[PDB]
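In what follows, a structure is listed as structure tokens, so that the remarks can point back to it.
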Amino acid sequence: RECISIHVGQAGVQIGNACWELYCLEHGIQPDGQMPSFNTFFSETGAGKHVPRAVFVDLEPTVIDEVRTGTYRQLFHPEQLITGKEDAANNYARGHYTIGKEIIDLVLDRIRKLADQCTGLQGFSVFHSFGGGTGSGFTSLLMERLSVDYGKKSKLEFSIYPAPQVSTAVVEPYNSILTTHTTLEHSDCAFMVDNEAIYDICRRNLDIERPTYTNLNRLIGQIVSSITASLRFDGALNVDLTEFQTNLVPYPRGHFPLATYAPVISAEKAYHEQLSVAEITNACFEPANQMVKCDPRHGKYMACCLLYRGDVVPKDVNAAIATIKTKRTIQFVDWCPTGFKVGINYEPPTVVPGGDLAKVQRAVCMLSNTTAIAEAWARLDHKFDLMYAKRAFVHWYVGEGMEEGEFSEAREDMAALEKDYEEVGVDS
Amino acid sequence: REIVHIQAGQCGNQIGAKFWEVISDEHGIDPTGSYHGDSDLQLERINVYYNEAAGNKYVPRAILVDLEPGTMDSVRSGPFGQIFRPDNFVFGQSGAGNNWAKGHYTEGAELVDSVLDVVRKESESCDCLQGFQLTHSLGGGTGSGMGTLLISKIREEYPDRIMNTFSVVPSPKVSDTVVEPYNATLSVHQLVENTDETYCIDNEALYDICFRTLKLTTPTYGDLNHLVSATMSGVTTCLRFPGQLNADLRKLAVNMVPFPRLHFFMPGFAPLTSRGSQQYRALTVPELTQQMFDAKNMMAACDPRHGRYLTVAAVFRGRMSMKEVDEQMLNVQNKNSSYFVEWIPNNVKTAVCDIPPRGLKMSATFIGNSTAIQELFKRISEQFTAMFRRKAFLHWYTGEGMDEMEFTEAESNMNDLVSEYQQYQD
Amino acid sequence: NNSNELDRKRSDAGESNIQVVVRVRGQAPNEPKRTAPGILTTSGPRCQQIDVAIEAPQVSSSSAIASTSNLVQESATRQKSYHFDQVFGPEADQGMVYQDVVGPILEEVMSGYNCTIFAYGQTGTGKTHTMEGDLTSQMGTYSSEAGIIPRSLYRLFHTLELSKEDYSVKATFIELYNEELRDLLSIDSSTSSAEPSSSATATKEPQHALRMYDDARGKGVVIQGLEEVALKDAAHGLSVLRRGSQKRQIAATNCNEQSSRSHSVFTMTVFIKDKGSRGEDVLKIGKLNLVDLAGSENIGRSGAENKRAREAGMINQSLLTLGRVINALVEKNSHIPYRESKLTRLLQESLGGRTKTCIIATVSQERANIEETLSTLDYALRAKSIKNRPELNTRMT
Ligand SMILES: CC(=O)O[C@H]1C(=O)[C@@]2(C)[C@H]([C@H](OC(=O)c3ccccc3)[C@]3(O)C[C@H](OC(=O)[C@H](O)[C@@H](NC(=O)c4ccccc4)c4ccccc4)C(C)=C1C3(C)C)[C@]1(OC(C)=O)CO[C@@H]1C[C@@H]2O
Ligand SMILES: Nc1nc2c(ncn2[C@@H]2O[C@H](COP(=O)(O)OP(=O)(O)OP(=O)(O)O)[C@@H](O)[C@H]2O)c(=O)[nH]1
Ligand SMILES: Nc1ncnc2c1ncn2[C@@H]1O[C@H](COP(=O)(O)OP(=O)(O)NP(=O)(O)O)[C@@H](O)[C@H]1O
Ligand SMILES: Nc1nc2c(ncn2[C@@H]2O[C@H](COP(=O)(O)OP(=O)(O)O)[C@@H](O)[C@H]2O)c(=O)[nH]1
Ligand SMILES: [Mg+2]
Ligand SMILES: [Mg+2]
């Protein structure tokens, strides 16, 4: 009944710095391990000074030396503090094959140190990127090996997705095409998070034009604390991750949900507002709070899972269930009859010390499905197609053995995958 | 993880001499050998340039190559020369005549193994080799001759390391020699096929930059190079120091090089302003991106607005905010989309370091690649054709005896070199 | 009295462009042991036909909820029908590919036509076997039927002796190992494991003029310095070419241990002289640049080591820069960048140059190696529109 974290790449390591800070805030945990009364991400020492069940992967020495010399360094154990010699330097080819074969036998060894400790392991999550070569290559190697090692667990991926307008490196579409096709081959569930619409939340819900990668991920980190950390706790109708396998995803490969978070309240907006149930349920169906550049009106709704926080009465929700069914402009699918899975737990979300959001009595992490992402799938693909036409930036990965037959493979079957979102509302 | 430095030439030895003056200022460094910094990042990532033994000294990873005594004598006689140790100064007592056909060919050959062993003295003692930094000339012979012969050997020693060099483009405006279009054109024959990259810095713009855009009086070699020395140190900051978007030099080698022959680049410094203009200016993210578009702040004498940008690196220094950073970068992309290339959608690569250099609170480093950097080549190549018709002063090199089959081919190198920007220019 | 007699203009830049030959992997002591039992036969997906020279691979077409590669087929069809000039298979013998490709060219290059032969395909496929081959089971192998080297060397003492003219056999073997140039026809006394003297005078020797000599008389023609031609009066002296084949760098990989690691440019020069009936001596010089290539190693599939990594990548970089020539030739771009790879500077002579050449497509037969063949079918489909202009060679008085 436990769960593991994995931090791959410069993106995925920095995600957990706010996530585990919230997880220390889940139980009042100081940098020693002080907590009363819980084992999901936790092993326990003799002193009761609990340790995370996390995996640190850095081919640089750089990013972990921020962590294991800064704060919260005593909670992480040098069992977990697994760094490397040299980065792939945004190379999918070196992150997968060349530099990836160097530290992989140490990290898999730490799994047998820790997955042996798990009393009935539920699964794990993987934190990585789509653009960085550590977060793309090492993800492509490890997830295939974990399918060999644990083919009967949960393979979650909370994967940052690049904007088709705001990008930081050139080969970011050139990375994720080769990455995700082998990821669709193996992974259980993969998310997409775009900082494009997170900036839209920073300016229209947070109303602040000055973000850091902390506050761009504390928003993401507050989701994951509501995704899984509440599932050990008991509310009205508690859910676990096994109630999403054939349930959330009605097919073997449709496993790409869309996560929203409705109450995003700057601290002054506690008084031009009076929160209720039906307000934030309507706030879940804004195209301006999708957290990814997408518009659900042009797509459909195959599923909609309402995962709640705090003081929630279901009879009040049954109004808000029946509300948006009546207030729809959604073009609901033909194949799902009505299935809108209800998740109501007890705990309100927690206030980040030094954060931006306000103390709300209730919070929704809504997982939905659409073909609006199938457009936003193809938008980064059109960035990828023009580089292959000129055959630019091609000498870095052929020199580590990545063939052009992969690019007719990975792109065209990703383009074939985008055609399979269209196959939702065809036969009726 | 460690970066090796080589210096050559009457300029590049002094250009490098100004550079470690900056790096000593970077970390709180005594000339004698004691630590006087206070930042932990000065102390935590020592190993990128530095070497340690016993003796309470600062002992360099600096191998310095010359054939003149009095150049590096005056380096040693001046300050930041006693910051070296005399286990490094490998040189000869023979005038090269400022000739490419001697330092590459005859007189440098008497000094090859006395340098490459000292390379092996360092590279075998290095923990993790990552950088082979070279600083030299392309106008004289010690910089051009002795520079190219090392790259024929160190790449043979290390085929899988990073070969960067800071090669000074000659200026048609201000010079004293005559055979200046020989030291460049013949160095091109080796810098293309054996270096992973090189920069293209010309004094011809630098006389305009310090005088006009910085409001100074006389462009001095102590300050024309001081402008270069800050842009030298700005390259590998995210390698050295922590950043949100830590970009490797190999990442900089990946994303700025779509084709492995177009590895010619141009630096750019973002607060290029005078002294009195501080009280007439606030310093912002649009203020730093303002000089991305400026033609005069291009340190090579090239109009960026003539050609079109191939790739652009934005290397930032300071506590910034990304939505301000990314959108202002996006605003410039929306402003001058005609000055870019189409098949690269993300025309500008960002790179954010978390610490600005001291004295500044916001700083950045423009590193662009445009289709008008080829212009400085067409100055020297047509000169090189004019030197070939009369074969004027060929009686300094005919005794050396470098072939015409070399010299037709260095132009044939140059003809294929320039004209392929213009495939993808328009 | 008079009608119009309308006329049309011409283009003499050349229509004799290129030959594209597809001889693939096949008949071995080991390969039909495993391909035909268990998997479908000699062209399982591919459907070999030789007359129209068409071939069309597939995979199993099923309703995939994420549609895989090669699900482009229909109710009953063949797809990606890459027809070529002549496609050959396992039954193509050494004399058969001689009879169609090599032999009738070897009577056309006797008068001054020039050629360049190279192969292209996936690693471990038979690039070495097509070029080098092996001498057959004879008590005396009197230049027996083998790869394209000794069988043309059999023709070398045949048709230059059938001409009964003043000929001069000239052969120079140059390695291309990590884009360097190494002779193996040399004395190689520094190469072999020998003991230098106690007073060492030459422990290293840079001597060969290994630099390109651009003459710019025509365009594309390659000149190097200090080449060592081979003058043999019979086929017994061909064992020093076997010494070059012996000392050529090979690799022991998981994909293939018989795969050669490096590759070589081995030129031919049949310096044949005879006087014409006008009173004019005719320097008939044919050139047959017998260039073997190494394998496009899937380095993740072989699982190579660190010393094998920079070897396999630069082989892959050589084949990648080769493909950088192919798209530039067919789009007709102005400054085709030969100058990155020196092998492409060696391929200035026929890729965009003047004289003839051919391409060999030794590609794999396995079902897991079909999209690997597509990276070769990427450039084999592009291989046709390569502009050339052949010419003979003579001597003026
Ligand atoms: C009153 C005062 O202190 O003023 C500043 C200053 O205002 C200005 C004018 C400085 C000044 O620099 C110059 O005038 C200059 C001229 C030629 C070549 C190089 C510099 C300054 O010298 C430069 C210097 O800048 C730095 O210290 C940077 O960190 C810089 N460091 C050095 O160049 C340096 C070298 C040796 C010893 C001490 C400093 C740097 C920047 C990037 C990467 C590495 C280093 C400082 C504080 C100033 C003065 C003194 C006027 C400027 O330059 C730099 C490089 O910061 C010119 O454009 C900026 C704008 C600055 O505002
Ligand atoms: N939202 C968010 N995105 C990030 C963050 N850090 C990196 N990214 C994204 O990740 C991409 C690059 O991936 P990185 O994780 O930085 O690089 P990597 O995975 O370590 O692999 P390398 O490129 O070799 O360093 C960038 O384009 C960003 O879009 C972060 O802190 N927050
Ligand atoms: N068409 C064919 N006819 C006969 N034998 C073949 C044929 N194709 C493959 N073989 C056999 O398959 C073996 C394996 O091929 P091999 O030459 O070792 O690899 P490769 O493709 O040449 N690699 P490389 O040497 O790196 O270029 C050869 O030695 C032949 O014995
Ligand atoms: N910026 C700068 N350029 C210099 C300096 N000294 C020489 N140069 C330039 O260097 C070039 C000549 O090369 P040089 O290094 O002097 O000769 P070498 O020793 O034979 O390489 C010319 O373009 C000069 O303008 C100097 O101190 N500063
Ligand atoms: Mg990384
Ligand atoms: Mg073979």
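What is reported rests on the model, the rules as stated and the sources as named; no laboratory instrument gave them. Ideal geometry is used to build each Cβ from the backbone, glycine not excepted, and the neighbour counts take in all protein chains shown.
A few comments on the model shown:
- Residue within the range B:180-192 that is aromatic (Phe, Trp, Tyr) and in a loop (DSSP other than H, G, I, E, B) present: no
- Any chance residue B:398 is in contact with a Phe, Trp or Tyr (Cβ under 8 Å, 6 or more places away or on another chain), of a type outside the set (A, V, I, L, M, F, W, C) and outside any helix (DSSP H, G or I): no
- Selection status of residue B:235, within 16 Å of ligand 1 (Cβ to nearest atom) and not assigned by CATH to the domain that holds residue B:298: yes
- Among (1) closer than 24 Å to residue A:198 by Cα; (2) within 9 Å of chain A (Cβ to nearest Cβ); (3) more than 25 Å from the chain's Cα centre (by Cα), the one test that residue B:342 misses: (1)
- The one condition in (1) more than 26 Å from residue C:127 (Cβ to Cβ); (2) in contact with a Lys or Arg (Cβ under 9 Å, 6 or more places away or on another chain); (3) exposed (fewer than 14 other Cβ atoms within 10 Å of the Cβ); (4) not small (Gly, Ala, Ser) that residue C:39 fails to fulfil: (1)
- In the range A:144-176, the qualifying residues are those that are among the hydrophobic types (A, V, I, L, M, F, W, C) and within 14 Å of chain B (Cβ to nearest Cβ), and the one that is nearest to residue B:322 (Cα to Cα) is A:166.
- When the residues of the range C:297-322 are filtered to those that are more than 7 Å from chain A (Cβ to nearest Cβ) and in contact with a strand residue (DSSP E or B) (Cβ under 9 Å, 6 or more places away or on another chain), the one that is surrounded by the fewest Cβ atoms within 10 Å (Cβ to Cβ) is C:322.
- The set of residues from the range C:195-246 being small (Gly, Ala, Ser) and outside any loop (DSSP other than H, G, I, E, B) comprises C:235, C:237, C:239, C:244, C:245.
- If the condition is being at the interface with chain B (Cβ under 10 Å from one of its Cβ atoms) and in a helix (DSSP H, G or I), then the range A:201-222 contributes A:202, A:203, A:215, A:216.
- Of everything in the range B:11-41 that is in a loop (DSSP other than H, G, I, E, B) and either small (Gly, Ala, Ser) or at positive phi (or both), the residue that is farthest from ligand 6 (Cβ to nearest atom) is B:34.
- Meets criteria (among the acidic types (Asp, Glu) and within 11 Å of chain B (Cβ to nearest Cβ)) for residue A:185: no
- Apart from one condition, residue C:363 fits all of (1) within 30 Å of residue C:282 (Cα to Cα); (2) in contact with a helix residue (DSSP H, G or I) (Cβ under 7 Å, 6 or more places away or on another chain); the exception is (1).
- Filter result for residue B:299 (away from chain A (no Cβ under 14 Å) and not in a loop (DSSP other than H, G, I, E, B)): no
- Sole residue being buried (at least 20 other Cβ atoms within 10 Å of the Cβ) and either hydroxyl-bearing (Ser, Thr, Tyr) or within 16 Å of ligand 6 (Cβ to nearest atom) (or both), chosen from A:72, A:97: A:97
- Extreme residue, farthest from the other protein chains (Cβ to nearest Cβ), among residues of the range C:249-271 that are under 30 Å from residue C:109 (Cα atoms) and within 14 Å of ligand 6 (Cβ to nearest atom): C:264
- The criterion of being farther than 30 Å from residue B:420 by Cβ, touching a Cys at 6+ places or on another chain (Cβ under 9 Å) and assigned by CATH to the domain that holds residue B:355 does not hold for residue B:275.
- Boolean, residue C:246 is more than 14 Å from chain A (Cβ to nearest Cβ) and closer than 30 Å to residue A:396 by Cβ: no
- Among (1) more than 14 Å from chain B (Cβ to nearest Cβ); (2) outside any loop (DSSP other than H, G, I, E, B) - the single one residue A:94 does not satisfy: (1)
- Enumeration of residues in the range A:52-69 that are more than 14 Å from chain B (Cβ to nearest Cβ) and not in a strand (DSSP E or B): A:53, A:54, A:55
- Number of the condition not met by residue B:328 [criteria: (1) under 22 Å from residue B:267 (Cα atoms); (2) under 27 Å from the mean Cα position of the chain (by Cα); (3) not in a loop (DSSP other than H, G, I, E, B)]: (2)
- Filter result for the condition that a residue is within 13 Å of ligand 5 (Cβ to nearest atom), crowded, with 17+ Cβ neighbours inside 10 Å and not charged (D, E, K, R), over A:126, A:67, A:57, A:51: A:57
- Where helices (runs of 4 or more DSSP H) fall entirely within the range C:102-167, those with at least 2 residues that are more than 16 Å from ligand 3 (Cβ to nearest atom) and within 27 Å of residue C:349 (Cα to Cα) are at C:103-106, C:148-162.
- Candidates in the range A:398-419 are the residues that are at the interface with another protein chain (Cβ under 7 Å from one of its Cβ atoms), among the acidic types (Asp, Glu) and in a helix (DSSP H, G or I); of these, the one that is farthest from residue A:387 (Cα to Cα) is A:413.
- Restricting the range A:281-311 to residues that are loosely packed, with under 15 Cβ neighbours inside 10 Å and charged (D, E, K, R), the residue that is farthest from residue A:322 (Cα to Cα) is A:295.
- Scanning the range C:109-129 for residues that are among the polar types (S, T, N, Q) and closer than 17 Å to residue C:90 by Cα gives C:122, C:125, C:128.
- Residue count for the range B:226-279, restricted to those that are assigned to a helix (DSSP H, G or I) and within 14 Å of chain A (Cβ to nearest Cβ): 11.
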